[PDB]
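To start, the structure under review is shown below, and the notes come after it.
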Amino acid sequence: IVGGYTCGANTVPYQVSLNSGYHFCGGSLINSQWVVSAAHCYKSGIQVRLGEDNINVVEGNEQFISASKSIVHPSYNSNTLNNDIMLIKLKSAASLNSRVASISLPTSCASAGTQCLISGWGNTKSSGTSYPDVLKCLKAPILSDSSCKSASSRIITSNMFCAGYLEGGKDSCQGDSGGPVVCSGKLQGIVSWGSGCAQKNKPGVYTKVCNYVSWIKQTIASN
Ligand SMILES: COC(=O)[C@H](Cc1cccc(C(=N)N)c1)NC(=O)CNS(=O)(=O)c1ccc(C)cc1
Ligand SMILES: [Ca+2]
């Protein structure tokens, strides 16, 4: 997260860290046994870490649970990042409490101009590298498709939306992938991609979760 602020320990209870010996992506707890993340974060031997703030210090509220199954969207295209969403099932159900809680799926798509909360342990510099140990937060509005279908160099399908600032300076970044974008109290997006970080006229692109609710519900009901 570039240009954000320190969230504060466990203030984003649904945020998860995907660990394969080190933190490599974020995710969101949607219920006691399922996590939603980005398909491009797929990897074998994933351990889900809940109740995290400082990912390098055991603080007492963590829950480490291995993944038993990973399901990448059936139409994921790794070249265009279309349908960049994946479901991860935990080997055992997490214990939900004040510091570990699920985030609700949307019933309608968020409107342009709506302010959202993006969080993650990703790079905090637009130029160079510096990874934080504690969770960072960013307030960012959803931009009109017009505002980036002309700003984005790659293809922006109807399964993505842009959020951020055209002036640059504030944006999600490497290591934030798979993380949540929450607007109106529901999970509206997944950190997917962008051109560099916090670059002018290059806002972040996010997976539009509202278009995947049917698939998510059907999958979790049968797995
Ligand atoms: C990979 O290194 C990076 O600095 C960022 C990471 C990132 C991830 C998720 C969201 C954002 C964001 N800005 N909101 C940034 N991505 C890039 O810079 C990728 N752009 S790219 O133009 O470098 C590119 C595009 C396609 C391929 C195969 C490889 C590289
Ligand atoms: Ca910790």
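Positions of Cβ are generated from backbone atoms using ideal geometry, with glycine treated the same way; all protein chains shown enter the neighbour counts. Since every read-out is calculated from the coordinates, none of them should be taken as a lab result.
How high is the FRET efficiency between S68 and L166 when r is their beta carbon distance and R₀ equals 30 Å, given to the nearest 0.05? The computed FRET efficiency comes out at 0.10. Of all the options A94, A39, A198, the one that moves most in a Gaussian network model of the chain with Cα springs shorter than 10 angstrom is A94. Converting phi to 3J(HN,Hα) with the Karplus coefficients 6.51, -1.76 and 1.60 and the offset θ = phi - 60°, segment 180-190 yields x, 10, 10, 9, 6, x, 10, 7, 9, x, 10 Hz in sequence order, with x at every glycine or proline. Counting every other Cβ atom within 10 Å of each residue's Cβ, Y76, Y5, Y131, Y212 order from fewest to most as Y5, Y131, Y76, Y212.
Across segment 109-223, Cα pairs under 8 Å and at least six residues apart give a relative contact order of 28 percent.
Each residue, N79 and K149, gets one label point 7 Å from its Cα in the Cβ direction; the gap between the two is 2.3 nm.
Anything over 27 Å Cα to Cα? Flag those among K170/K208; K89/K200; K89/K136; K91/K202, in the order listed. From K170/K208; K89/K200; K89/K136; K91/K202, over 27 Å: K89/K200; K91/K202. When each of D171, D53 is scored by the number of other beta-carbon atoms lying within 10 Å, the sequence from fewest to most is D53, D171. What percentage of all Cα-Cα pairs in segment 61-143 are separated by more than 18 Å? Considering segment 61-143, 69 percent of its Cα-Cα pairs are separated by more than 18 Å.
Local charge for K69 was computed over the other residues whose Cβ lies under 10 Å away, with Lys and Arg +1 and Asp and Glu -1, and equals +2. Cβ crowding within 10 Å ranks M86, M160 as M86, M160, fewest other Cβ atoms first. Partner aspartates and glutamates whose Cα lies under 19 Å from the Cα of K186, excluding those fewer than 8 positions away in the same chain, are identified as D84, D176. Counting 0.36 nm for each residue step from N201 to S32 and taking away their Cα separation leaves a gain of 57.0 nm. Quick one: net charge of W121's neighbours, Cβ under 9 Å, K/R +1, D/E -1? Charge balance in the 9 Å sphere: -2.
Connecting C-alpha atoms closer than 10 Å in a GNM of the chain, tell me which of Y22, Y165, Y14 has the biggest fluctuation. Highest fluctuation among the options: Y22. A simple packing score, the average count of other Cβ atoms within 10 Å per residue, orders the peptides 23-32, 135-144 as 23-32, 135-144, with the highest score first.
Taking each DSSP H run with n ≥ 4 as -39500 (n - 2.57) and averaging over every residue of the chain yields -1000 deg cm²/dmol at 222 nm.
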